[PDB]
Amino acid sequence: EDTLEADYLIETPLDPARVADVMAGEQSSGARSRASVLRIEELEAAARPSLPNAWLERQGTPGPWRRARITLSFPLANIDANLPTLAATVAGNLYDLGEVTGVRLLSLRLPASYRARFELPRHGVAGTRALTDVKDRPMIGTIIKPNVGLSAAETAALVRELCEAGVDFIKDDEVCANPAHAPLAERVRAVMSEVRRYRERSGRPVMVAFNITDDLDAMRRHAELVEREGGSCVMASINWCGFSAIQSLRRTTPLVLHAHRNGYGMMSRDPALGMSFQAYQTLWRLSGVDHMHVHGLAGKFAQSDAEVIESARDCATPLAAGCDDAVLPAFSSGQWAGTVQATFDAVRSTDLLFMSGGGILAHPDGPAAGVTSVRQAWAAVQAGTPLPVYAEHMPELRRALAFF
């Protein structure tokens, strides 16, 4: 209860155990303050170094480049409940060590009593379901296209059409926050007018994740406006906003916090470097975000299905025993009726946000038919019937399977 643990994959032509203790020392005090190495397991060595290293080559250190999984134990008293310094401690300068040709933070384990000193999701799954009025199926979302460039009026008109098509959730693209084309203030006011009127007429709430990413003081002003205009959700580019900004924003907004992880590829595409999702999502969940992106099965991005599955499962796993702090996973990229089965089987529940672009909007019979094809796919998998069997009963679905 007085420590946390961090697991790494390291690579070095030197002795892995010595290097692990260099890591432990450098990230702490070099009894109350020294981190320790709890586990070392040597893996198959690499024939070539994963990363350049000037210190090692200055000395012509010979291969092979040994690999090991290690666990470090850190005294909590070194950090207290300081989120960005927690990151400086478990990640920080470790990546730069002259001893290593690879270092990746794989996972974190925090005591519940420590986790409690940060922020919990205000809404998470249950709150998002309450706000979208969606009970026993996933929430279906889409993204405003073009990503940026529409006027506020054009965005509002489009949002109206997307609502009428039957989605539960709509988000700004991450490159659209406060563009001159459709400044945040004008965009929120115009869009919410349509969303409110749509709710009135249809009885269906639609959650719009307005991208309020900005300077922190500005973000708070944006979030206040979204709330005043009857919104339920704000989106932020977490990596560029930072833990410091997001934790502060979390304390002052009662809205759903939809975390967009753009930039995470820089932190993770190289398996020998950076941060695996388990660790990444642990740190981000301490800021109190309600949703996290996991990309998608059979997606158009670089991520493997295995990574997407594990990342989704991370979202549903409480950070510590009895915390009840799961977040809603958002699947995206090439999602459509044909990725529903794999998605359902990955999550093992319907507690997910399913983002579909062309899978809805490019349906041959229109966006409404597109939404229906996705809803029909979900009905099928929840009932346990294969999609191509259910399609015999369901024209929108059948047409989608044939077209895509």
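The first residue of the sequence shown is number 1, and the count goes up from there.
Asker: Does the chain run continuously from residue 366 to residue 367, or are deposited residues unmodelled in between? Answer none, 1 to 3, 4 to 9, or 10 or more.
Answerer: The entry has no gap there; residue 366 and residue 367 are joined directly.
Asker: Quick one: say whether 336 to 344 or 38 to 46 has the higher mean Cα B-factor in the deposited entry.
Answerer: Result: 38 to 46.
Asker: Quick check on the record: does 318 to 326 or 91 to 99 carry the larger mean Cα temperature factor?
Answerer: Taking the mean B-factor of the alpha carbons in each, 318 to 326 is higher.
Asker: Using only the C-alpha B-factors in the record, can you name which of 215, 161, 173, 305 has the highest?
Answerer: In this record, 161 carries the highest C-alpha B-factor of the candidates.
Asker: Just to confirm, going by the entry's C-alpha B-factors, which of 285, 104, 181, 123 comes out highest?
Answerer: Among 285, 104, 181, 123, the PDB entry lists the largest C-alpha B-factor for 181.
Asker: Taking the entry's C-alpha B-factors for this chain, is residue 391 in the lowest, middle or highest third?
Answerer: Lowest third, going by the recorded CA B-factors of the chain.
Asker: What third of the chain, by the recorded C-alpha B-factor, contains residue 197?
Answerer: As the PDB entry reports it, the C-alpha B-factor of residue 197 lands in the highest third of its chain.
Asker: Please rank the C-alpha B-factors of the chain's modelled residues and tell me whether residue 138 sits in the lowest, middle or highest third.
Answerer: Lowest third - that is where residue 138 ends up once the chain's C-alpha B-factors are sorted.
Asker: Within this chain, which third does the Cα B-factor at residue 276 fall in: lowest, middle or highest?
Answerer: Lowest third of the chain for residue 276's C-alpha B-factor.
Asker: For the chain shown, is the CA B-factor of residue 221 in the lowest, middle or highest third of its modelled residues?
Answerer: CA B-factor rank for residue 221: middle third.
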